[PDB]
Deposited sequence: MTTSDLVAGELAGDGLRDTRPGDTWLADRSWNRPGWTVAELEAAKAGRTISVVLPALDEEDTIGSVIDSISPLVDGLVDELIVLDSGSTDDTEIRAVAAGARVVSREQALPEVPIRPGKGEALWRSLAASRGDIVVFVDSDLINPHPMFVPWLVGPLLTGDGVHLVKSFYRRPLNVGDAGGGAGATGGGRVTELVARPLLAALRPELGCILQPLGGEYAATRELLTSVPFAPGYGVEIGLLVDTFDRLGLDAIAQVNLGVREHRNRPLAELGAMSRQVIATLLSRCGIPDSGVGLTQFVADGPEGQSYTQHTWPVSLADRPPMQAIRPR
């Protein structure tokens, strides 16, 4: 199974593999009333967002009913380049005006649920370097082929740290049944509205891991599927930021397991010089504050 996996292959919970034998046009016919939205979270991604939209553009009005870029308050030319590429840009303010804004990635994806319409929502990171046009079709594949799948995660390889050292070892310890998930923190995934609007949304970088665990806890492993995207390349995350990401992943995962987190942020001690004669104390923020299920805020 894992000894022969092509980009597009689905791995179900019962250790069974499913190789897709459809075209894009055939998948559109398999929708049968169900609508598909694609959401792209964006914070200062002016260089990459054009290319990401272009790979999903030809699917619009066909398989994809709406392509939305959720602007997380960008100060650069992210908005004007995304419109020029042919996607509707909705800011956090515009997505849900009647609720004050909290910082972080989790807030943006949560708000995109109120801004989107589709029965199936596809999430793709806007910092992906040259994504394959079949990314979206592969993600919706297991959902449109009705077999009780509600969340489609993705796995890939670089042409890592927090996934391999924090997320996955902690999942092995606390939710061992989720040990088969190759990329729990992966930003490329698809889910049904009925699931997305019924679960709370974790703040910041904990959004992916929280959604994965909530899906497993309330539906079981059978509702989760994994698709091979082949080779994924994205903007490299700065090494200083990974400690903060880890702490948030930890906070979110502990809260889902009923383990009380102190709410105390990670303090990093950065050496000022080569000798190490002095250290800079830097405390990253951490949030234990989930957003409630969207059904409690804006019921569709």
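Task: Coordinate gaps, deposited numbering - done: Holes in the chain trace, numbered from 1: 1 to 14, 174 to 188.
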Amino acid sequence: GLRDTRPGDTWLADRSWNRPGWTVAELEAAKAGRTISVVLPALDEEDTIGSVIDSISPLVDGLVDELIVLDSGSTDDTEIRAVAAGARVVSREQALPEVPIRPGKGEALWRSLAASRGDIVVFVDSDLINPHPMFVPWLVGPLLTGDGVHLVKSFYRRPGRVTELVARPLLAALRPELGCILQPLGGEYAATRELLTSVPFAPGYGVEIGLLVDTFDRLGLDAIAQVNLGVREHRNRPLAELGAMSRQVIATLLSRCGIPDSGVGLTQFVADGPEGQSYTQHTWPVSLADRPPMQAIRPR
From here on, numbers count along this sequence of modelled residues.
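We call the rigid core the largest set of C-alpha positions that still match within 1.5 Å between the two forms.
Task: Between 57 to 65 and 231 to 239, the one whose CA atoms sit farther away in 4 other deposited structures of this protein (rigid core aligned) - done: Stretch with the larger root mean square C-alpha distance in 4 other deposited structures of this protein: 231 to 239.
Open item on the list: After superposing on the rigid core, which of 271 to 279 and 38 to 46 has its C-alpha atoms sitting farther from this form in 4 other deposited structures of this protein?
Closed with: Evaluated in 4 other deposited structures of this protein, the stretch farther from the shown form is 271 to 279.
- [ ] Averaging the C-alpha B factors as listed in the entry, name the stretch that ends up higher: 14 to 22 or 277 to 285.
- [x] On average, C-alpha B-factors are higher across 14 to 22.
- [ ] Going by the average Cα B-factor in the PDB entry, point out whether 98 to 106 or 177 to 185 comes out higher.
- [x] Mean CA B-factor is higher for 98 to 106.
Task: Given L266, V270, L254, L67, the residue at which the Cα B factor reaches its maximum - done: Highest C-alpha B-factor among the listed options: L67.
Task: Deposited CA B-factor, highest of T163, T215, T197, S74 - done: It is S74.
Open item on the list: Can you tell me whether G220 has a C-alpha B-factor in the lowest, middle or highest third compared with the other modelled residues of the same chain?
Closed with: Middle third of the chain for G220's C-alpha B-factor.
Task: Within-chain third of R88 by Cα B-factor, per the entry - done: Highest third - that is where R88 ends up once the chain's C-alpha B-factors are sorted.
TODO: Grab the CA temperature factor for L170 from the record and place it in the lowest, middle or highest third of its chain.
DONE: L170: CA B-factor falls in the lowest third of its chain.
Open item on the list: Based on the deposited C-alpha B factors for this chain, I'd like to know if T78 is in the lowest, middle or highest third.
Closed with: CA B-factor rank for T78: highest third.
Open item on the list: Based on the deposited C-alpha B factors for this chain, I'd like to know if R117 is in the lowest, middle or highest third.
Closed with: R117: CA B-factor falls in the middle third of its chain.
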